[PDB]
Every structure is written in structure tokens, then in C-alpha cells.
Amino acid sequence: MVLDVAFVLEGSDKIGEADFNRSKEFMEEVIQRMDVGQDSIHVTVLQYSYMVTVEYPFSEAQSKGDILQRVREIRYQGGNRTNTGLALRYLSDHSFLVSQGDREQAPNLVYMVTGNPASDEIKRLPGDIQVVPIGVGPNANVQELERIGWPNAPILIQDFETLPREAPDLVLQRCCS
């Protein structure tokens, strides 16, 4: 199938390295079971806190092996803010502009792993980008996530320790069933 999928991982100080690693584990589980390929599913990975880091761009080779190795090598960046709005803005202003021609009509999906309320202003993405917020732990701002996600309901997960257990299947069921 043809999809553009963005994973957005919060990697602030409030998340911490241990929990960030669990976010990476979650994401690896998803990507491993996705039909990733140059003509099929494309994946981008962002990490964000104060700034946004592009960990794997849409415009590099869309090979599962390459992406997974890069994912394993991602280093927790830390940061004193959770600039979720900035991460979303990057997707609309950069990431989802990569697909061109026929592929421009493919669905755009965003899977975002956050555990804290946004530090900045959140603006809604264009209608052609579907966002599924994954709020992890008790400090996720449910109302904010519901606002970003609409019409998609956010997936609210107990904590980061449990995130890699079942949440990958919830994600795969929404994207790729």
C-alpha cells in the first residue's frame, strides 16, 4: 500500500533517556511490521524537545533495513521544552511536501509519542494530514491531544514501560489493516 507515515517522538528532559528508549522500541516494532519500500510505505522520524531533529527524512532511501538501523542509532537529545507545535509545523512545512506527482494523493499519517503538554502554541495541520496522538503517561494533555487529533481519537497509553507491548498493534491496525 501507498502511505506517508511520520513518527514524532518527544525527547525532552521530562521524558528522560530511559523512557525515550522505550519510545524507540515502540517505533521499531511498528516499522518492522510495515510494508516500507520506495513504491509503498514511506517513513520519516522526528525527535523534538526545544528544537526538532530529523532522524530519518522522507527523501532518503525508503528501505526498511536502512531506516531500522538509523532508528537504533538515534540518541536521546534531551531539552527543557516540549515544542509540539514546532514539530507539527515541520511536518507541514517540510516533511509532507516531499511526495510529488501521483504520490501526493497518498494518505499522510502522523504517529506522535508525547508525555507532556505543549510548551508552545499548537496549530492544526491541513486536512490532508491525519494525526493520531499517542499520549503516554499521566502528564499528557488530553484536551490538547484531542484538538490535534480530531477527527482521530488519541491513543492514551499507561506509561512508557508498557508502550512497546501493545501500542504497536494499535498503530498497525489504524494505518495498515
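Each residue number is its position in the shown sequence, starting from 1.
Q: Which of the two stretches, 42-50 or 127-135, shows the higher mean Cα temperature factor in the record?
A: Higher mean C-alpha B-factor in the PDB entry: 127-135.
Q: Of 3-11 and 168-176, which one has the bigger average CA B-factor?
A: Per the deposited B-factors, the answer is 168-176.
Q: Tell me, please, which of 144, 55, 66, 60 has the highest C-alpha B factor according to the deposited entry?
A: The listed residue with the largest C-alpha B-factor is 144.
Q: Please say which third, lowest, middle or highest, residue 153 falls into when its CA temperature factor is compared across its chain.
A: Answer is highest: the recorded C-alpha B-factor places it there.
Q: Lowest, middle or highest third: which one holds residue 95 when the chain's residues are ordered by CA B-factor from the entry?
A: Bottom third by C-alpha B-factor.
Q: Lowest, middle or highest third: where is residue 30 by C-alpha B factor in its chain?
A: CA B-factor rank for residue 30: middle third.
Q: Compare the C-alpha B factor of residue 122 with those of the other modelled residues in its chain, then answer lowest, middle or highest third.
A: Highest third, going by the recorded CA B-factors of the chain.
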